[PDB]
Amino acid sequence: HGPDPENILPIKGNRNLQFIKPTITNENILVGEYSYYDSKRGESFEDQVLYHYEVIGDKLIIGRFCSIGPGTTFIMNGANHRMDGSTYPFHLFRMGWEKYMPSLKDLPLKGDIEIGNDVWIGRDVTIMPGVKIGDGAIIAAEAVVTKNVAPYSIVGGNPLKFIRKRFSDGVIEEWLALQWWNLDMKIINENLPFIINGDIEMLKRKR
Amino acid sequence: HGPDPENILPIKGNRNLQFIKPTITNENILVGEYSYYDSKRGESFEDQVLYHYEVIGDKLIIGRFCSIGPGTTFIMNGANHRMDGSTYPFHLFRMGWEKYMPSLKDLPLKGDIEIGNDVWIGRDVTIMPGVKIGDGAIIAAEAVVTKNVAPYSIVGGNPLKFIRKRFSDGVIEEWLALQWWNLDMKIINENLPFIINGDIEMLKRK
Amino acid sequence: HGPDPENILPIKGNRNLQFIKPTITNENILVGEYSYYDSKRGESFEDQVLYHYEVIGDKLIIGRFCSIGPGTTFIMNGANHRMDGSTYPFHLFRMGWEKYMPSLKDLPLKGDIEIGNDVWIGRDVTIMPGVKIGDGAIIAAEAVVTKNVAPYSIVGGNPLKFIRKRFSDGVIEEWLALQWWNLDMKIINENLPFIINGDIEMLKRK
Ligand SMILES: CC1=C\[C@@H](O)C[C@@H](F)Cc2nc(co2)C(=O)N2CCC[C@@H]2C(=O)O[C@H]([C@H](C)COC(=O)Nc2cc3ccccc3cn2)[C@H](C)/C=C/C(=O)NC\C=C\1
Ligand SMILES: CC1=C\[C@@H](O)C[C@@H](F)Cc2nc(co2)C(=O)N2CCC[C@@H]2C(=O)O[C@H]([C@H](C)COC(=O)Nc2cc3ccccc3cn2)[C@H](C)/C=C/C(=O)NC\C=C\1
Ligand SMILES: CC1=C\[C@@H](O)C[C@@H](F)Cc2nc(co2)C(=O)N2CCC[C@@H]2C(=O)O[C@H]([C@H](C)COC(=O)Nc2cc3ccccc3cn2)[C@H](C)/C=C/C(=O)NC\C=C\1
Ligand SMILES: [Cl-]
Ligand SMILES: [Cl-]
Ligand SMILES: [Mg+2]
């Protein structure tokens, strides 16, 4: 039948694993249903989002059915200094330095962090500003996601290194055409055997 | 003689550095005598063993005289998702999804983590499932051990990248035949100067 | 005009960001004025300096106008084990092993950690022994600094990899010949518009 995506703690007695969406407080963090964060000590998913400021307007977007490993960190665009000259943020200390407060054109802003659906993000991963992660990708533990990740690619390391693609490009096209995460959830439920077990040529044929 | 291997805190006034073996309470974690964990906040060495589940049956093995740096993490085989089709673990959330429960043969299982003797593991090292680390190797701090490490190798980085060998190939097998760590403690105590000073030819001829 | 460099918490209401120099109680750690540490939970910058023993005598020097990201750790030379033979530190456990203690001629010491002026160090950076980081460099977050960083270099990764230089070789030498961080503070304030916006030629004019 399925659990409730509005239930913050969907596992009996487990107070560390949280469905991300219901916990969110912040307008510009948008996470899909059923995506969870396995906490380390019960900290919120947002507590893992860092350098996130309304002034900049950048968003963190996560798809449906994503796995976020404990300690995964999201570094938003507020982290990058001005690099035209000296990087030191003089204006932060005020006392006559407030005058030199930069505008957003002066900063190296990279865009929103956007993570697709069915992404397995390993433990203690760090995601840097502006990176896109395709559907069905696997981020190895301890990875620092420095660049974009193709759908159904396995990556890892610091800086990020491409390892393998989970399936062929032909099977990858078929998974991206089917987009099971976007189907009505009665249909997800009566095909879950096939989604879990990766027999694309069965769902091939139902549609 | 030397310290008592069953002494959990062998350094007086030090509540952080622990001998691993006498703190172990799990039957799948075999650690040799004298190997120590220099902990950060006084936490257990077992606390660093993650995703370790009895139903998987995988073991963590560590030899004798190993230096395990603070924050070293062991990610066991229970951490890898099913990759046949969808990585998402539906069954954990039950409410009808418990039926789609995967078996040991459905998960990608890589085997035990086996660490050798006289290994120096750095601080904040993460060891991936199923990796083997030979005797007398050095793991640089912050390393992520994603593959096996040959005996007496210096390695580090993420992914792990080979740096160099500590001695020549010939000298490395003079050490692996000697196996000073497997000798009686009274033989070790009488030859500690050369074990520490590295005089392999002396130990060879002793 | 400007913040007082001897002020520990130079941002009103902010208990995390600290000017480093006025918090320093241990000699062999020399940090310049206005160099700050953005702490995660209000922890002292010193607490990030690990394996720092007076018996070894190495120093951590940091210039002025540096930004130290939260969680950045400095691994001092005391962290390196002896590598002639067994890296196991027998003498630490005492009980008859105390008399097999190394001298500093026996250990792989690598010198002081020296970081220049106007360096931007990312979050969770780990800096290893003996590394020198030039003026104006930028360290990517999560980087393990395994080697020296040229001035006005951008670097990152584990192990460290060179990414690119911030300006042309000629403009870099101009910034190094100007040394704005060492100018009298009244001189700096008059020219901060151009220090901050990268207009090197008018700075040379000034
Ligand atoms: C991350 C960082 C260095 C870290 O080592 C250490 C920091 F994380 C510590 C900290 N951060 C903040 C507070 O404490 C902080 O607020 N910001 C960090 C970058 C984004 C944001 C910022 O400053 O945004 C302003 C924006 C226009 C206006 O924001 C204000 O806050 N204005 C303001 C504050 C006042 C306070 C009291 C009285 C009057 C005031 C008037 N105006 C703009 C985009 C600045 C961008 C920039 O320099 N980027 C780089 C950053 C470097
Ligand atoms: C890391 C992870 C997801 C994380 O995002 C989130 C998790 F870490 C959170 C959490 N984990 C657990 C609880 O909370 C948890 O129990 N497991 C995680 C993987 C391994 C295990 C699991 O499910 O295993 C079952 C297995 C049949 C369970 O059923 C049993 O009947 N177990 C059992 C029976 C016993 C009988 C007698 C005495 C002791 C017993 C102990 N266990 C099988 C092998 C594997 C299932 C799978 O899909 N693996 C992949 C998952 C990956
Ligand atoms: C990092 C590590 C293992 C970690 O896994 C676990 C460790 F961090 C745990 C811990 N360390 C200590 C306590 O708990 C500890 O005391 N030390 C670690 C390295 C440095 C030090 C040590 O042993 O030092 C002595 C030294 C002669 C005797 O000790 C003194 O302190 N003597 C002394 C100090 C004086 C100071 C000023 C003036 C006169 C003095 C006279 N005598 C010498 C240099 C030994 C160096 C060595 O074997 N290096 C390797 C390191 C291994
Ligand atoms: Cl320490
Ligand atoms: Cl030194
Ligand atoms: Mg690398």
# chains A, B, ... in the order shown; residues from 1 in each chain; ligands from 1
>>> interface_residues(of="chain C", to="chain A", cutoff="6 Å", atoms="only C-alpha atoms", output="VMD selection string")
chain C and resid 1 to 3 11 157 to 158 195 to 198
>>> interface_residues(of="chain C", to="chain B", cutoff="6 Å", atoms="only C-alpha atoms", output="MDAnalysis selection string")
chainID C and resid 84:86 93 95:97 158:159
>>> write_last_selection(atoms="N, CA and C atoms", output="PDB file, in the first residue's frame")
ATOM      1  N   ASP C  84      61.331   3.645  10.008  1.00  0.00           N
ATOM      2  CA  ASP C  84      62.552   2.846   9.724  1.00  0.00           C
ATOM      3  C   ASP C  84      62.128   1.383   9.601  1.00  0.00           C
ATOM      4  N   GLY C  85      61.298   0.950  10.548  1.00  0.00           N
ATOM      5  CA  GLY C  85      60.693  -0.386  10.635  1.00  0.00           C
ATOM      6  C   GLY C  85      59.256  -0.237  11.112  1.00  0.00           C
ATOM      7  N   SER C  86      58.806  -0.993  12.113  1.00  0.00           N
ATOM      8  CA  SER C  86      57.435  -0.952  12.600  1.00  0.00           C
ATOM      9  C   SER C  86      57.041   0.471  12.974  1.00  0.00           C
ATOM     10  N   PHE C  93      53.153   2.912  25.558  1.00  0.00           N
ATOM     11  CA  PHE C  93      52.463   1.990  26.498  1.00  0.00           C
ATOM     12  C   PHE C  93      53.304   1.729  27.754  1.00  0.00           C
ATOM     13  N   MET C  95      55.511   0.197  30.672  1.00  0.00           N
ATOM     14  CA  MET C  95      55.585  -1.206  31.166  1.00  0.00           C
ATOM     15  C   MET C  95      56.830  -1.928  30.627  1.00  0.00           C
ATOM     16  N   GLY C  96      57.972  -1.240  30.533  1.00  0.00           N
ATOM     17  CA  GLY C  96      59.255  -1.775  30.033  1.00  0.00           C
ATOM     18  C   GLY C  96      59.571  -1.380  28.597  1.00  0.00           C
ATOM     19  N   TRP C  97      58.592  -0.863  27.850  1.00  0.00           N
ATOM     20  CA  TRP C  97      58.731  -0.375  26.454  1.00  0.00           C
ATOM     21  C   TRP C  97      59.144   1.097  26.426  1.00  0.00           C
ATOM     22  N   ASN C 158      41.743  15.668  -2.892  1.00  0.00           N
ATOM     23  CA  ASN C 158      42.494  14.802  -1.996  1.00  0.00           C
ATOM     24  C   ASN C 158      42.984  13.586  -2.773  1.00  0.00           C
ATOM     25  N   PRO C 159      44.286  13.498  -3.098  1.00  0.00           N
ATOM     26  CA  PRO C 159      45.325  14.498  -2.802  1.00  0.00           C
ATOM     27  C   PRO C 159      45.133  15.796  -3.587  1.00  0.00           C
TER      28      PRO C 159
END
>>> closest_residue(among="B:39, B:23, B:18, B:89", to="ligand 4", atoms="only C-alpha atoms and all ligand atoms")
B:39
>>> select_by_dssp(residues="region 35-173 of chain A", states="helix (DSSP H, G or I)", output="list in words")
residues 45, 46, 47, 48, 77, 78, 79, 90, 91, 92, 93, 98, 99, 100, 104, 105, 106, 169, 170, 171, 172 and 173 of chain A
>>> write_last_selection(atoms="N, CA, C and O atoms", output="short mmCIF file (atom, residue, chain, number, x, y, z; two decimals), in the first residue's frame")
data_model
loop_
_atom_site.label_atom_id
_atom_site.label_comp_id
_atom_site.auth_asym_id
_atom_site.auth_seq_id
_atom_site.Cartn_x
_atom_site.Cartn_y
_atom_site.Cartn_z
N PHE A 45 17.40 17.80 8.05
CA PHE A 45 18.00 17.91 6.72
C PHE A 45 18.46 19.33 6.45
O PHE A 45 19.55 19.55 5.89
N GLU A 46 17.66 20.32 6.85
CA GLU A 46 18.04 21.71 6.63
C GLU A 46 19.35 22.05 7.32
O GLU A 46 20.19 22.76 6.76
N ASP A 47 19.54 21.57 8.55
CA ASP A 47 20.80 21.81 9.25
C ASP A 47 21.99 21.40 8.39
O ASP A 47 23.09 21.93 8.57
N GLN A 48 21.79 20.46 7.46
CA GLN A 48 22.85 20.05 6.56
C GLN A 48 23.01 20.99 5.37
O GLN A 48 24.04 20.96 4.70
N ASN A 77 25.36 28.80 -2.68
CA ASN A 77 26.18 29.78 -3.37
C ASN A 77 26.70 30.88 -2.45
O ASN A 77 27.63 31.60 -2.83
N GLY A 78 26.12 31.03 -1.26
CA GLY A 78 26.60 32.03 -0.33
C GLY A 78 28.01 31.80 0.15
O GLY A 78 28.54 32.65 0.88
N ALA A 79 28.64 30.69 -0.23
CA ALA A 79 29.96 30.37 0.29
C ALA A 79 31.07 31.04 -0.50
O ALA A 79 32.15 31.29 0.05
N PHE A 90 35.60 42.03 3.85
CA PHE A 90 35.78 43.16 4.75
C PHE A 90 34.46 43.63 5.35
O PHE A 90 34.39 43.96 6.54
N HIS A 91 33.40 43.66 4.54
CA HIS A 91 32.15 44.29 4.97
C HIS A 91 31.53 43.60 6.17
O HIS A 91 30.80 44.23 6.94
N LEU A 92 31.80 42.30 6.36
CA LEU A 92 31.22 41.47 7.45
C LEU A 92 31.49 42.06 8.85
O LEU A 92 30.65 41.85 9.73
N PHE A 93 32.63 42.72 9.06
CA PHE A 93 33.07 43.27 10.37
C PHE A 93 32.48 44.66 10.64
O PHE A 93 32.62 45.13 11.78
N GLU A 98 31.37 48.44 6.08
CA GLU A 98 30.04 48.03 5.53
C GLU A 98 29.88 48.59 4.11
O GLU A 98 29.24 47.92 3.29
N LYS A 99 30.40 49.79 3.86
CA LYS A 99 30.46 50.45 2.54
C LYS A 99 30.86 49.46 1.44
O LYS A 99 30.23 49.51 0.37
N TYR A 100 31.84 48.58 1.68
CA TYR A 100 32.36 47.68 0.65
C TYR A 100 31.58 46.39 0.55
O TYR A 100 32.15 45.32 0.30
N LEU A 104 25.36 41.13 -5.99
CA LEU A 104 25.30 39.76 -6.47
C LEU A 104 25.96 39.58 -7.83
O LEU A 104 26.40 38.47 -8.15
N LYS A 105 26.04 40.64 -8.65
CA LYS A 105 26.78 40.54 -9.90
C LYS A 105 28.27 40.30 -9.65
O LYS A 105 28.94 39.64 -10.45
N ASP A 106 28.80 40.83 -8.54
CA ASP A 106 30.22 40.71 -8.23
C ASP A 106 30.62 39.33 -7.73
O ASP A 106 31.82 39.05 -7.63
N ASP A 169 23.50 2.77 -22.28
CA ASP A 169 22.79 3.98 -22.67
C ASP A 169 21.42 3.65 -23.25
O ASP A 169 20.49 4.45 -23.13
N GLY A 170 21.27 2.46 -23.85
CA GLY A 170 19.96 2.05 -24.34
C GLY A 170 18.98 1.81 -23.21
O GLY A 170 17.84 2.28 -23.26
N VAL A 171 19.41 1.06 -22.19
CA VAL A 171 18.57 0.82 -21.03
C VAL A 171 18.37 2.11 -20.23
O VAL A 171 17.33 2.29 -19.59
N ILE A 172 19.36 3.00 -20.24
CA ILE A 172 19.21 4.27 -19.53
C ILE A 172 18.14 5.13 -20.18
O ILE A 172 17.35 5.79 -19.50
N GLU A 173 18.10 5.15 -21.52
CA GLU A 173 17.04 5.87 -22.21
C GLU A 173 15.67 5.32 -21.82
O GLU A 173 14.72 6.09 -21.62
#
>>> closest_residue(among="B:169, B:174, B:54, B:38", to="residue 14 (chain B)", atoms="only C-alpha atoms")
B:38
>>> residues_near_ligand(ligand="ligand 2", cutoff="10 Å", atoms="only C-alpha atoms and all ligand atoms", output="PyMOL selection string")
(chain A and resi 11-14+16-17+36-39+66-70+120-123) or (chain B and resi 50-57+75-83+87-93+98+100-108)
>>> residues_around(residues="region 41-49 of chain C", least_positions_apart="5", cutoff="7 Å", atoms="only C-alpha atoms", output="mmCIF file with N, CA and C atoms, in the first residue's frame")
data_model
loop_
_atom_site.group_PDB
_atom_site.id
_atom_site.type_symbol
_atom_site.label_atom_id
_atom_site.label_comp_id
_atom_site.auth_asym_id
_atom_site.auth_seq_id
_atom_site.Cartn_x
_atom_site.Cartn_y
_atom_site.Cartn_z
ATOM 1 N N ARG C 15 28.632 34.446 17.773
ATOM 2 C CA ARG C 15 29.514 33.770 18.713
ATOM 3 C C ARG C 15 30.426 32.757 18.044
ATOM 4 N N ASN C 16 30.300 32.570 16.734
ATOM 5 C CA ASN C 16 31.072 31.561 16.024
ATOM 6 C C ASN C 16 32.314 32.132 15.351
ATOM 7 N N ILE C 20 41.455 35.116 15.120
ATOM 8 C CA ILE C 20 42.251 34.015 15.659
ATOM 9 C C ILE C 20 43.288 34.531 16.649
ATOM 10 N N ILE C 24 44.835 33.056 20.876
ATOM 11 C CA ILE C 24 46.005 32.138 20.890
ATOM 12 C C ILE C 24 46.768 32.146 22.217
ATOM 13 N N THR C 72 38.370 23.385 9.457
ATOM 14 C CA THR C 72 39.715 23.183 8.937
ATOM 15 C C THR C 72 40.649 22.734 10.051
ATOM 16 N N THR C 73 41.393 21.660 9.795
ATOM 17 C CA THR C 73 42.265 21.036 10.777
ATOM 18 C C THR C 73 43.706 21.129 10.303
ATOM 19 N N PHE C 74 44.630 21.294 11.244
ATOM 20 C CA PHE C 74 46.059 21.380 10.954
ATOM 21 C C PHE C 74 46.752 20.203 11.626
ATOM 22 N N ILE C 75 47.311 19.307 10.819
ATOM 23 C CA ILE C 75 48.013 18.130 11.318
ATOM 24 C C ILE C 75 49.485 18.496 11.477
#
>>> atom_distance(atom1="CA of residue 146 (chain B)", atom2="CA of residue 127 (chain B)")
6.9 Å
>>> residues_near_ligand(ligand="ligand 5", cutoff="6 Å", atoms="only C-alpha atoms and all ligand atoms", output="MDAnalysis selection string")
chainID C and resid 58 77 109:112
>>> closest_residue(among="B:171, B:28, B:188, B:176", to="residue 201 (chain B)", atoms="only C-alpha atoms")
B:171
>>> select_by_dssp(residues="region 46-179 of chain B", states="strand (DSSP E or B)", output="ChimeraX atom specification")
/B:49-50,60-62,67-68,73-75,113-115,120-121,126-127,132-133,138-139,144-145,149,153-156,161-165
>>> atom_distance(atom1="CA of residue 6 (chain B)", atom2="CA of residue 126 (chain B)")
26.2 Å
